[PDB]
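Asks: Quick one: the structure is below, and I'll ask about it shortly.
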Amino acid sequence: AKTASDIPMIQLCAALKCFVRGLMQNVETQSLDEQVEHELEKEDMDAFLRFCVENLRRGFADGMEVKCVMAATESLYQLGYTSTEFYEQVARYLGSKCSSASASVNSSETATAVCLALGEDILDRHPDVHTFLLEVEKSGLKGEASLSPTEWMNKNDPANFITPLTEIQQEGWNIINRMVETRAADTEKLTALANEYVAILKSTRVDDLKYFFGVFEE
Amino acid sequence: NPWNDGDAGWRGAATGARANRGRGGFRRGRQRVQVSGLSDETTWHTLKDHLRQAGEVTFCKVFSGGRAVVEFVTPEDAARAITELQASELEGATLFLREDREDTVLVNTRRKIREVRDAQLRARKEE
Amino acid sequence: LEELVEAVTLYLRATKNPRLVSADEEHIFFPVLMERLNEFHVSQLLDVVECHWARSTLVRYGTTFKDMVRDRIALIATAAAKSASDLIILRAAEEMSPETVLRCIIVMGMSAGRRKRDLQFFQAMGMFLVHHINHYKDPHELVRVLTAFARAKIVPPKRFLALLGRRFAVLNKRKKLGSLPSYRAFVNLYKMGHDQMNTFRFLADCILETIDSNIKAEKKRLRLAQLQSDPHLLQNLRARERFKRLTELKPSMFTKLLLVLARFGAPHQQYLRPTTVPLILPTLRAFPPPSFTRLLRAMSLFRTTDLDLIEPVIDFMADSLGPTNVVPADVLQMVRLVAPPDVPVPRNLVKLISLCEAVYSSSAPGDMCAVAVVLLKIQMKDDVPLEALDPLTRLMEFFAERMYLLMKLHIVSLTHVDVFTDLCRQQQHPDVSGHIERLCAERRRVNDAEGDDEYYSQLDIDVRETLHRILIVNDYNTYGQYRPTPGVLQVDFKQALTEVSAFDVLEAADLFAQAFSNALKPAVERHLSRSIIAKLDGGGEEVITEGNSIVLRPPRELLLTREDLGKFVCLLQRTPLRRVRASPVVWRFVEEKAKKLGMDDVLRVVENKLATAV
């Protein structure tokens with residue numbers, strides 16, 4: 001919560017998905033004294049969630065992709081932010097971009113989850129959003145909820161240089177940094193290096209190809 | 001500021017939303033005019049483009065509400081700009097120009113004309 | 001060796017009654033101690049040094065004893081360091097126990113200072129304490145070390161302080177550090193220029209943790225109770241007791257901890273905000289005015305973008321106090337704080353605008369231009385209600401009237417005039433009373449005909465510097481004699497008087513009263529009266545020396561002319577200083593001067609005044 005200024009929205013969604021997966025399991029409560037502890041943890045969680053929803057509102061104002069706000073709203077529902085005054089803003093922004101946003105390029109399970117999380121009165125207040133959610137739950141990506149948070153972040157934000165490179169991924173950058181300073185006329189050397197590079201393409205990150213093409217123009 | 005103590009933070013981090021600005025190409029394989037009345041959407045690029053019609057610019061910065069500060073290259077780039085680009089039209093944001101005739105150096109320049117004249121005034125009062 | 005050690009303490013414990021300070025027993029015992037200083041152990045000498053002192057006894061024997069034990073412990077420490085590279089010396093290494101070193105640090109903080117000997121002395125066994133750092137157990141001992149080191153005013157090896165700060169958290173696990181010791185450490189590490197941040201962060205979080213734990217315990221008690229199923233002082237006592245019970249500190253010092261935290265630029269979303277509802281809001285009224293003003297000043301730096309605290313402050317300021325119970329500076333700061341776009345428009349902004357109008361309507365110099373800037377920023381700030389926009393135009397008209405009269409007085413600089421003209425031009429304010437164009441025409445006539453420097457010379461500037469000094473001195477706020485005026489301003493203003501003559505100081509008083517009549521503060525008034533009495537008496541003045549002492553200045557003389565005396569009479573006619581209006585010394589001085597020059601009518605007038613003042 002501290003030092004979280006100028007936060008790209010994908011970072012916030014990854015953090016929220018990380019937090020939801022480390023929650024304690026509910027057990028029968030001894031009502032003598034632990035109810036007070038429950039109130040204290042409720043107050044602290046509210047003190048955190050208020051800052052989170054403030055940042056989400058700033059993102060709303062500045063414009064953001066429907067997938068990220070979708071996932072963030074689902075995650076905040078997972079944490080019990082049951083206020084319904086922010087969910088109307090959620091529905092308003094989602095219906096604002098409902099015309100052109102792609103339907104089958106989203107997670108269907110997330111669609112079902114957010115449709116459940118959004119109130120039925122809020123739903124039939126926005127029949128277009130209702131229909132869009134049903135369409136996404138019919139045709140959409142499957143199994144995206146089971147991925148680890150770092151996998152989700154890597155598969156929705158290319159590059160981003162946060163997680164360290166694997167051992168295999170370092171070989172591609174060795175090849176590229178070796179190709180950079182090679183003389184242009186040495187065609188055989190470049191051919192050999194590229195034929196070595198293409199062998200490990202399946203493991204290299206997709207974004208780094210931007211460099212592989214660029215040196216080709218160089 | 002002291003609480004940052006050199007921490008770059010998310011502004012200086014390597015997030016995927018930061019490499020988007022980097023439209024370079026990914027090739028190599030890794031005295032000052034105060035101008036008011038502009039629009040907040042008006043980029044500094046458009047600012048340089050408009051006011052370089054008068055003279056060259058080293059630094060320029062916008063502020064909320066259209067206020068902005070521009071530093072010139074040479075005094076001639078200023079002496080022309082102080083009076084030429086007044087009330088010119090750009091993007092529906094007709095500019096209004098003011099010039100800080102007093103400078104952080106020119107104040108010390110005015111100190112001596114203040115004090116010697118004060119000595120003259122004191123001599124007058126004594127007489 | 002214990003007999004004499006016990007005897008000196010037996011004599012010393014009674015050194016409070018003047019007769020019980022037995023000089024005979026002092027001469028009987030203490031010289032033997034000075035001859036037997038080597039005999040006793042380190043702990044015995046330190047324990048003797050610890051005890052209470054009579055100042056006559058201290059100057060007789062203790063002052064030497066300080067250094068005569070300092071050097072002995074220095075040699076013992078030298079032997080110990082040689083081990084780490086007289087019978088007691090041969091066993092010196094085991095004498096410097098960590099507790100022994102700790103007490104050696106502690107027992108010095110009543111006679112040391114910025115002296116070089118004290119500096120090197122304390123910089124000697126600091127490394128011994130570093131050699132024993134891991135063996136210290138109780139966290140409060142290190143806080144005591146810090147405050148003793150602060151008492152001696154030493155120049156610390158900042159890295160060593162940072163190491164101690166880091167180990168504070170190591171020791172904090174065993175026993176939680178108190179809120180008062182933590183703030184003690186905070187103010188220490190502030191006042192010897194520590195700049196490591198993290199040490200400050202740990203103490204701030206510890207204080208917040210204590211407050212949070214106290215509040216949570218109180219809420220637990222109230223919840224468990226649920227599970228079972230003048231009058232202003234009367235109200236303020238409960239707030240003060242709740243505050244003291246919760247944070248263990250005064251508001252006058254909490255409001256400075258918040259000030260320093262705002263100065264650091266810490267994120268207010270998790271420092272200022274978590275304590276607003278359970279702590280800050282209910283106790284707000286009990287705040288002393290010097291603390292409420294500092295709270296607002298810290299708010300300005302924090303730039304808190306939340307109305308959940310801002311609005312109740314607006315309500316309390318608007319209703320519970322009124323126009324004449326709030327400083328105009330505080331309301332100006334409050335309206336400035338709501339200017340930034342980060343803060344949305346409060347739902348009670350109309351009350352703030354109404355009180356803002358009232359305070360400056362009842363306030364009838366160069367800062368008001370900035371006020372216009374503030375208005376400039378608020379006029380496009382979202383959907384401002386119209387009834388809040390109406391008073392602002394009349395307010396600007398009142399400002400324009402005041403500046404126009406000031407130009408007729410030739411006081412405020414024309415640069416601020418040009419700034420004001422630019423502001424009213426860009427604000428597109430339609431003049432109704434015709435004052436804006438009057439100001440523009442007057443500024444043209446002044447600047448473009450005679451000159452800005454020529455305008456500055458309308459009133460001679462050696463008087464004007466004293467006038468600015470008077471203004472900045474009067475800028476102090478007291479909230480009704482709550483804070484007496486500090487003596488530093490009195491000192492510099494007195495030295496300013498010591499150079500200027502008498503006639504032009506009264507000219508400065510008249511010029512000040514022409515626009516701020518009766519606004520001169522009583523301390524400045526009485527000091528001016530004293531200086532004028534001394535000047536017209538001609539005895540001399542108090543010249544300040546290096547050691548905060550005084551020397552009588554050589555006698556003064558003032559050979560004023562008849563016209564100068566007439567202008568002095570006019571000044572007396574218009575001056576508000578009662579003391580100079582009633583003191584007979586000024587009248588006899590005027591009579592003597594008039595006799596020296598010679599005029600019948602003014603002489604008769606001065607005699608008539610003297611008959612009513614002798």
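Residue numbering restarts at 1 for every chain of the structure tokens, chains are lettered A, B, ... in their displayed order, and ligands are numbered from 1 as they appear.
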With a distance cut-off of 10 Å and only C-alpha atoms, select the neighbouring residues of segment 86-95 of chain B, excluding the residue or stretch itself and same-chain residues fewer than 4 positions from it, and output the selection as a PyMOL selection string.
Replies: chain B and resi 35-40+42+46-47+50+66-67+81-82
Asks: With only C-alpha atoms as the counted atoms, please give the residues lying no more than 10 Å from residue 134 of chain A, apart from itself and same-chain residues fewer than 6 positions off, as an NGL selection string.
Replies: :A and (103 or 108 or 111-112 or 115 or 128)
Asks: Smallest atom-to-atom distance to residue 178 of chain A: which of A:193, A:89, A:49, A:161, using only C-alpha atoms?
Replies: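 Checking each candidate against residue 178 of chain A, we get A:193 as the closest.
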Asks: Should the cut-off be 6 Å, what would the residue list for chain B against chain A look like, counting only C-alpha atoms, as a PDB file with C-alpha atoms, in the first residue's frame?
Replies:
ATOM      1  CA  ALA B  14      10.719  -1.619 -16.409  1.00  0.00           C
ATOM      2  CA  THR B  15       6.963  -2.218 -16.650  1.00  0.00           C
ATOM      3  CA  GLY B  16       5.435  -3.167 -19.987  1.00  0.00           C
ATOM      4  CA  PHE B  26      14.367  -1.376 -31.137  1.00  0.00           C
ATOM      5  CA  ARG B  27      17.196  -1.506 -33.672  1.00  0.00           C
ATOM      6  CA  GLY B  29      19.361  -4.899 -29.869  1.00  0.00           C
TER       7      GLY B  29
END
Asks: What's the 10 Å shell around residue 385 of chain C, counting only C-alpha atoms, without same-chain residues fewer than 4 positions away, as a count of residues only?
Replies: 7
Asks: Counting only C-alpha atoms, give me one row per residue of chain B with an atom at most 10 Å from an atom of chain C, showing the shortest contact pair and its distance in Å to one decimal, sorted by chain then residue number, as CSV.
Replies:
residue,atom,partner,partner_atom,distance
B:1,CA,C:265,CA,6.9
B:2,CA,C:264,CA,5.9
B:3,CA,C:264,CA,5.6
B:4,CA,C:265,CA,8.4
B:5,CA,C:197,CA,7.7
B:36,CA,C:426,CA,9.0
B:37,CA,C:426,CA,9.0
B:64,CA,C:341,CA,9.4
B:65,CA,C:377,CA,8.9
B:96,CA,C:426,CA,9.1
B:98,CA,C:422,CA,9.1
B:102,CA,C:415,CA,9.9
B:113,CA,C:453,CA,8.8
B:114,CA,C:453,CA,7.5
B:115,CA,C:461,CA,9.8
B:117,CA,C:453,CA,8.4
B:118,CA,C:461,CA,6.8
B:119,CA,C:462,CA,9.6
B:121,CA,C:460,CA,7.0
B:122,CA,C:460,CA,7.7
B:124,CA,C:460,CA,9.8
B:125,CA,C:460,CA,8.0
Asks: Based on DSSP run over this structure's backbone, return all residues of segment 19-107 of chain B in strand (DSSP E), as a ChimeraX atom specification.
Replies: /B:32-36,57-62,68-72,96-99
Asks: Take the selection from the previous step and output its residues with C-alpha atoms, as an mmCIF file, in the first residue's frame.
Replies:
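Now in out.cif:
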data_model
loop_
_atom_site.group_PDB
_atom_site.id
_atom_site.type_symbol
_atom_site.label_atom_id
_atom_site.label_comp_id
_atom_site.auth_asym_id
_atom_site.auth_seq_id
_atom_site.Cartn_x
_atom_site.Cartn_y
_atom_site.Cartn_z
ATOM 1 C CA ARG B 32 11.942 33.409 -19.885
ATOM 2 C CA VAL B 33 8.523 34.006 -21.424
ATOM 3 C CA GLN B 34 5.479 33.130 -19.311
ATOM 4 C CA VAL B 35 2.684 32.187 -21.718
ATOM 5 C CA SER B 36 -0.943 31.696 -20.688
ATOM 6 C CA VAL B 57 14.069 27.364 -27.476
ATOM 7 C CA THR B 58 16.215 25.447 -24.991
ATOM 8 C CA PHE B 59 13.652 24.455 -22.346
ATOM 9 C CA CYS B 60 9.874 24.689 -22.153
ATOM 10 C CA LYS B 61 7.323 23.392 -19.680
ATOM 11 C CA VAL B 62 3.529 23.572 -19.517
ATOM 12 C CA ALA B 68 3.892 27.663 -19.325
ATOM 13 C CA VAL B 69 7.494 28.850 -19.137
ATOM 14 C CA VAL B 70 9.898 28.975 -22.092
ATOM 15 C CA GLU B 71 13.651 29.668 -22.055
ATOM 16 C CA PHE B 72 15.284 31.113 -25.166
ATOM 17 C CA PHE B 96 -1.169 35.812 -23.882
ATOM 18 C CA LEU B 97 2.503 36.516 -23.228
ATOM 19 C CA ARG B 98 4.281 38.111 -20.266
ATOM 20 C CA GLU B 99 8.017 38.481 -19.709
#
Asks: If the cut-off is 10 Å, can you tell me the residues of chain A near chain C, counting only C-alpha atoms? I'd like them as number ranges by chain.
Replies: A: 1-5, 31-37, 39-40, 44, 47-48, 50-51
Asks: Kindly give the distance, in Å, that separates atom CA of residue 259 of chain C and atom CA of residue 298 of chain C, rounded to a single decimal.
Replies: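 Separation of atom CA of residue 259 of chain C and atom CA of residue 298 of chain C: 4.8 Å.
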Asks: Can you list every residue in segment 97-132 of chain C that DSSP puts in alpha helix (DSSP H), as a ChimeraX atom specification?
Replies: /C:98-106,116-131
Asks: Work out how far apart atom CA of residue 530 of chain C and atom CA of residue 580 of chain C are and give it in Å to one decimal.
Replies: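 Atom-to-atom, atom CA of residue 530 of chain C to atom CA of residue 580 of chain C, that is 9.0 Å.
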Asks: Return the single residue from A:81, A:91, A:124, A:70 that is closest to residue 106 of chain A, with distances computed using only C-alpha atoms.
Replies: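 Result for the nearest residue to residue 106 of chain A: A:70.
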Asks: From the list C:214, C:228, C:393, C:529, which residue is nearest residue 243 of chain C when using only C-alpha atoms?
Replies: C:214
Asks: Contacts of residue 119 of chain A at 10 Å or less, counting only C-alpha atoms, minus same-chain residues fewer than 4 places along, as a ChimeraX atom specification?
Replies: /A:84,87-88,114-115,123-125
Asks: Just how far from atom CA of residue 120 of chain B is atom CA of residue 411 of chain C, in Å to one decimal?
Replies: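 Rounded to one decimal, the two atoms are 20.1 Å apart.
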